[PDB]
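Visitor: Protein chains in written order, with the working numbering: chain A, 1097 to 1281; chain B, 412 to 595; chain C, 1097 to 1281; chain D, 109 to 289. C-beta: ideal position from N, C-alpha, C; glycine also.
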Amino acid sequence: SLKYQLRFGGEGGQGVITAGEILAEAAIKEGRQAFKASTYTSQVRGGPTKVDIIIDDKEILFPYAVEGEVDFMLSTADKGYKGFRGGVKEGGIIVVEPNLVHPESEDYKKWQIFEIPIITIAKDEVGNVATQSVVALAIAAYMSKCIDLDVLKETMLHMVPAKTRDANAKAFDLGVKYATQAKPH
Amino acid sequence: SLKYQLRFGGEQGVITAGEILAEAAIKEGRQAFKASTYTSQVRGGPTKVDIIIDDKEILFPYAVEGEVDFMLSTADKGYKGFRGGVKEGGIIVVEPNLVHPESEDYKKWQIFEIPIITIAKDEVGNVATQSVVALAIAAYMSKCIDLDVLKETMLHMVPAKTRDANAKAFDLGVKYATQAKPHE
Amino acid sequence: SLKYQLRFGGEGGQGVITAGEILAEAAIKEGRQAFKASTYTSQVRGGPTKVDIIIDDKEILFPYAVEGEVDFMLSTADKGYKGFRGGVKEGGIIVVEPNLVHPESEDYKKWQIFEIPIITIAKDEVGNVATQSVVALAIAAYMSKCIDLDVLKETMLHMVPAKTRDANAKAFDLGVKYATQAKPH
Amino acid sequence: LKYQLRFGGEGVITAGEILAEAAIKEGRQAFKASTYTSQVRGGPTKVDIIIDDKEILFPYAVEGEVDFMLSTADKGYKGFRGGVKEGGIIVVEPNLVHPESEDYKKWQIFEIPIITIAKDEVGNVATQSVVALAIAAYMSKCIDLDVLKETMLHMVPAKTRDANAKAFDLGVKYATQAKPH
């Protein structure tokens, strides 16, 4: 028998969790402090993951999210919602993709939950499912109030590939629109 | 000022090919590891996973740099950063719309151009199926696993709704890998 | 057959993390399912560390700890304690190293908190600071009841260098002894 | 100059992060790249450190362009040294790492018993990270040694300053005297 060794390489910044790194870079370009905290497992199979973004105007001494103090979560995967939402502060805001995420009924009492079909928006209204991270980014910014929206949009546009700037501007504006109109469940 | 704490949860194209391949080999009764990599940079940048497969025990659960048999790449920077670990004369499949090797590379490796993103987006009608196009290409080029065994295993792994598109993706990967010629 | 979720937190070179790995390997060796979930952040320096271990006698559908469902935490660094204890279930068990971790008074009502001077036990009683991971391992296994102790000990001893078995056995035994005597604050 | 350094062990990882933080503190760019695999147990460890005085546009080591490697575990040496540029520097712990003889022609390989130096001469095996740090910084030429020592010394617990300063100075001395195999 032979030992086989195979290498697979792809492009960055494609999933919804890409929203986080853009947001953190945006905060740092403003002169604020930000960390991006990540997680991984010993699992072979791919599965849901998560990125936590921590932003402050003063030194951040703890470069991870404090469980129970998270202000806002956006989730497009049911198991990721169910596994990680327990760290969101009571009365915190959670945006979920209703085509994919199905909270237990009691959750609607603990958190303010909004349904926004981010993936459909990206795929059908923007015309490119890969803009889903920017739809998500705009929604996160608008709901959390963590950063100026015009400041964020500008930074995002300098960060993404030139080829995608048209579509990502539209995706951002649609994210803001949807979050502006969204009502808690 | 306030401290803000935000959580994003989701999910990966070509990476996903590697995971499917490793799980399929383990399901045959072989050994396999998936080795991954990450950075302290705020932006994540290009991605890479290495898949190691053997019938016997694998004592080192990472790729041996200089011994990689096969690489598939859809990102220019990832190609340029990582191909150096591929053995001399090893097989590299690149997406010609996105990856542009320096001319000297064609003398060190056997490089094949397959437009995987276009095949998945246009012929299959679903850009997410690039995972399975890449998987079929990897298996065909590397001979690391029986194509029928892998296709059947993949079919059990994917949701019924996506099965037709994934089977079409797999078949197109094999066709393109079969027809592909190395760049001189 | 229950699903067990354990959280280990340290900093830098505290082998607290190593406890998690041995434990997961031991469960797998028994024929059970186990995942290790790890974390990292966007800086070059190692800071607080956290490893989550998930063990079941059936398929684990989510390879991360479920925030709010963690059964047990062992913590040897104050920042990691304060940052990650929020995911421990109410009434759940937490062991802290009292020379390094300083919970707010309200925490003692929410969780059962035990103080065990892990670093000093390894340093002074075992005479080898690097055995703290084995002290920690025995405490966690005992407190969570996630694995039989006789089986775990044997597995651990085959996992370590032949000439450290005497010290590691003793470390293990002291972990159990201290866990057995400990009372919640 | 862009510097790319690889640290491999099972101690040595910490050397890489101190180096990177010192580079950042002096006003340069630095990233740490890390790797994991699909098992619960920790095995061989490797961290890449990339330093430059301009924007780094790829946050990993470039395989084939690594300037320098320090290795204290055989498996990680055999698995990861292939990414080191031809004629690059590799330092190995000769009590633990055993290169195939053809390696001595491709790379400049120096033998330094880092683990003994920390355990025996400094009297604290944990300071092997600072021994390794000094060797890597000398061998790679990537930073001013005085600045690095002063930054490292601010970074460690005050009670350990004496041990670490000695570990550093020993690192530099053994790297200076070392000859390629």
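1. Closest Cβ-Cβ distance between D/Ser237 and chain B: below 7 Å?
2. Among the residues of its own chain, which have a CB less than 6 Å from the CB of B/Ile527, if the five just before and after it don't count?
3. Do A/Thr1172 and C/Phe1131 have their CB atoms nearer than 7 Å?
4. With distances taken between CB atoms, is the gap from B/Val460 to A/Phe1104 smaller than 7 Å?
5. According to a CB-to-CB cut-off of less than 8 Å, which residues of the stretch 1125 to 1145 of chain C neighbour chain D?
6. According to DSSP, simplified to helix, strand and coil, what is A/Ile1113?
7. Chain A partners of C/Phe1104, CB-CB under 9 Å?
8. Can you give the Cα-Cα distance for B/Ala474 and A/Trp1207, rounded to whole angstroms?
9. Would you say D/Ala245 and D/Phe276 are within 7 Å of each other, going by their C-beta atoms?
10. Quick one: Cα of C/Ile1217 to Cα of C/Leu1196, how far?
11. Helix, strand or coil: how does DSSP classify D/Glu201 here?
12. For chain C, find out if any of its Cβ atoms is closer than 7 Å to the Cβ of A/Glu1155; answer yes or no.
13. With 8 Å as the C-beta to C-beta threshold (strictly closer), list the residues of the stretch 481 to 502 of chain B near chain D in chain order.
14. Please report the distance separating the alpha-carbon of B/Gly429 from that of A/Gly1116.
15. From this set, A/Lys1099, A/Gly1111, A/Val1225, A/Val1184, which residue's C-alpha is nearest A/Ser1240's C-alpha?
16. How close, in whole Å, do the beta carbons of C/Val1112 and C/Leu1170 come, if the pair is a contact with beta carbons under 8 Å?
17. Within a Cβ cutoff of 7 Å, which residues of the same chain sit near D/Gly172, ignoring the five residues on either side of it in sequence?
18. For D/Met177, which residues does DSSP report across the bridge?
19. Determine whether the beta carbon atoms of B/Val538 and B/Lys579 lie at a separation below 7 Å.
20. If you draw a straight line from the alpha carbon of C/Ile1118 to that of D/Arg149, how long is it in whole angstroms?
21. Could you tell me whether any Cβ in chain B is nearer than 7 Å to the Cβ of A/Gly1111?
22. Using only CA atoms, which one of B/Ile437, B/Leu413, B/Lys488 lies nearest to B/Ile463?
23. By Cβ distance below 6 Å, which residues in the same chain neighbour D/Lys227 in space, the five residues on each side in sequence not counted?
24. Kindly list, in the order they appear in chain C, the residues whose Cβ is closer than 8 Å to that of A/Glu1163.
25. Within 10 angstroms of the Cβ of C/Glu1121, are there 16 or more other Cβ atoms? Answer buried if so, exposed if not.
26. To the nearest whole angstrom, what separates the beta carbons of D/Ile197 and D/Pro207, a pair I think is in contact under 8 Å?
27. Using only CA atoms, which one of D/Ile220, D/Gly151, D/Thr143 lies nearest to D/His289?
28. Would you list, in sequence order, the uninterrupted alpha helix (DSSP H) runs of no fewer than 4 residues that lie entirely inside the stretch 436 to 470 of chain B?
29. What does the Cβ neighbour count give for D/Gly135, buried or exposed, with the cut at 16 atoms within 10 Å?
30. Measure the Cβ-Cβ separation of B/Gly456 and A/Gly1108 and say whether it is below 7 Å.
31. Smallest Cα separation from D/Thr284: which of D/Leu113, D/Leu253, D/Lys267, D/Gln112?
32. Got a sec? Which residues, its chain only, sit under 7 Å from D/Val280 by beta carbon, not counting five neighbours each side?
33. Apply the 10 Å Cβ neighbour rule to D/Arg189 and answer buried if 16 or more other Cβ atoms are within range, or exposed otherwise.
34. Tell me which same chain residues have a C-beta within less than 6 Å of the C-beta of A/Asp1152, skipping the five on either side of it?
35. Can you find a CB in chain A that lies within less than 7 Å of the CB of B/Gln521?
36. Output needed for C/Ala1278: all residues of its chain with C-beta closer than 8 Å, excluding positions within five of it in sequence on either side, in chain order.
Guide: The relevant details are as follows:
1. no
2. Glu506, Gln541, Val544, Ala545
3. no
4. yes
5. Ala1130, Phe1131, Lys1132, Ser1134, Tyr1136, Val1140, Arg1141, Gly1142
6. coil
7. Within chain A, no residue comes near C/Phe1104; the closest Cβ sits about 14 Å away, beyond 9 Å.
8. 45 Å
9. no
10. 14 Å
11. coil
12. no
13. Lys488, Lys491, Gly492, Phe493, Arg494, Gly495, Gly496
14. 25 Å
15. A/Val1184
16. 7 Å
17. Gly191, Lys193
18. D/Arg114, D/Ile198
19. no
20. 7 Å
21. yes
22. B/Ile437
23. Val233
24. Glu1163, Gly1179, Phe1180, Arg1181, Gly1182, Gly1183
25. buried
26. No, D/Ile197 and D/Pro207 are not in contact; Cβ-Cβ is about 13 Å, not under 8 Å.
27. D/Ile220
28. none
29. exposed
30. yes
31. D/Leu253
32. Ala242, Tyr246, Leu253
33. buried
34. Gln1129
35. no
36. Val1191, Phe1210, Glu1211, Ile1212
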